[PDB]
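Before any questions on binding or motion, here is one chain by itself as structure tokens, the form deposited in one PDB entry.
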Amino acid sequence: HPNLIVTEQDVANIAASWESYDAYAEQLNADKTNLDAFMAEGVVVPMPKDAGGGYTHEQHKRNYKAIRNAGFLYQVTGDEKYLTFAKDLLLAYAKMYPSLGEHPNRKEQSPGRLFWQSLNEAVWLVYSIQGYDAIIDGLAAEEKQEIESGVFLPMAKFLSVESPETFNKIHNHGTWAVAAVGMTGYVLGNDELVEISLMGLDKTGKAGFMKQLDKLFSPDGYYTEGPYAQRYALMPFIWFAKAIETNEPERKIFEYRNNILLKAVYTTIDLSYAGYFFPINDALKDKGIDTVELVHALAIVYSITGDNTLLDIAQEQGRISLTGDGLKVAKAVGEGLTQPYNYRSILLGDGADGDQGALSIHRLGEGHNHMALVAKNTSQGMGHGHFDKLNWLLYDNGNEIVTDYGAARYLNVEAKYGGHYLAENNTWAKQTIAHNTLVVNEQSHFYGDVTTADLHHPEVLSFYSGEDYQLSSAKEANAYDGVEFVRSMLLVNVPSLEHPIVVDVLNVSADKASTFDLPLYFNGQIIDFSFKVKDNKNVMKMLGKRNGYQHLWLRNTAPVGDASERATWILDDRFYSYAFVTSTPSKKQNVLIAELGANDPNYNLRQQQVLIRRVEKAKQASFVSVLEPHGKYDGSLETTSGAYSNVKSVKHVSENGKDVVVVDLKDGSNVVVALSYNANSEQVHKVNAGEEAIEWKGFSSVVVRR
């Protein structure tokens, strides 16, 4: 004792050398200052009363932090006042807990006692037990007795044996519950609670931590709900594994399932850009890598691995894990061991077996502010998932360029619907029209039905990442009745251009004449269009009536035809040009510029623009586009350059289900992108375009012609 997240050996190293590292010491001092201010108010442990961001919810949260913090500071400073505060808090908890029935303010959510929902109960336990672990050696037997029989054992019982619908769950709720009961298990030397936590109530292994490790991540370490949920999962996964390693190294917890726990941490990093997680599915955009779960998880992974590329990420976090593992990060950074993070292009297979679609992340360029394309070809992700199959995002120059809205929610802001998911979360954020992907007949994928959406995943047709270019291709055959669409996205290295270009090819076939809309949510200020807007007559009307369209205002229409069109915007010091053609047998084709804010009486939606390509009355359509970063605007030194697009035009020709795209560059050269949709790498292909024939090996080829 302590022998959990921190060992005795760890506290010795901490005590010996913590004052020697500026950042670690600053952060440890901050936590100390703040706890001291909290101690100054005495032992305040009220009766459970409120939910959400209500008083007793928050107080009981402050308390479990103090219990862990005081335990830790007592170990580290040797100072007695920290022991007696943690002790006194725990005793007040011991002499209140056995009297508690279910919380007065429960929901349909599996109730708690201390808290409105048992999730928070389990978090209270995961934190508190660490404080107790740090405090046991300084306690008399009748004190321990009151604590263990009063709070811990009854709480472990409640979250396990009395709550099987939760403790047995193959869900995050389950992970927090087993982590809490299992960690309690270790501190108390209670084999039952460990076995229960590892193998489920019946100890069959049909539930429990091990099954969670098998089921909640894909083999690559991807969590189906997305990064925003993935970083939350990480805390109970990593902390319990730490506990397991600290007490039963012979289980080889960090080796289990080809290092699934290592891969889950790296994957969490690989799902961020410039400090923030890709806001796909239900996600808030300000959640980033300095999040407490990833701070701890990184220290732990560094500690296991000695990977010095993690020191880079740890610096970008600018926040360190106040633990043994964290000290090792602080030490290593001090010694100048930091190597640059290797951002890889990766295919994250979705589902327990990584076969239910995939998320692709394509990376190109040096440092943190490189170019990243995300192709969201994933399964639904259940209730939190968005209706956006084949959606994409693009990041460049430290910014989001082509965007995902995330969730409609303001965390712990009471006046914003108690800080809950807003009505506009279903009404807008989830809807296909809010995403950069195909909308057929103004209806969401799977008609907005989560039950239908749960049944299906996209089909990944190809993934490739070389020095020449990078590709992801996927098919959606189930989003709408008698409709199939295919999207391929490429990042291309064109040596004559300053930055790589995105090439997008989206094919749709319908059985019946339909409207096909393809949005692009861009970030930045419009410079000019190549098309000519129709006068809006000094009014903007709601765009359409259902499935998200009721939140958009129509600002302008503009007619479009055979030749590619262009939009160019600036964002900070760079311009982005979007050049698009749509091959279709139909002759009704428009561009709609729209703006978020319709049916938003509560000002819940933020300001946003979109450019929507519309095709009416079509059975077929190939949406093609190039997105090109270019130029330099320096408002400080008062220079501009490269402000005009270097893409003269874009042409598309299709033959025998094969696609060819020619990007005509202004310097007279051109880029040719060719897609066969055939996986055989040796198969040869031939396409008669307008004027010329093109030929290649494989699913795809990209060549630059002078």
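Between two forms, the rigid core is defined as the largest C-alpha subset superposing within 1.5 Å. In case it trips you up, residue 1 is the first one in the sequence shown, and so on.
Although it is not shown, the form deposited in another entry is what the next lines describe.
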For this session: Fix the rigid core, compare C-alpha positions between the shown form and the other one, and report which of 120, 397, 507, 462 shifts by 2 Å or more.
Result: 120
For this session: For residue 150, decide whether the Cα shift between the shown form and the other one is 2 Å or greater, given a superposition on the rigid core.
Result: yes
Exercise. Is there a C-alpha shift of 2 Å or more at residue 339 between the shown form and the other one once the rigid core is superposed?
Worked result: no
For this session: For residue 651, decide whether the Cα shift between the shown form and the other one is 2 Å or greater, given a superposition on the rigid core.
Result: no
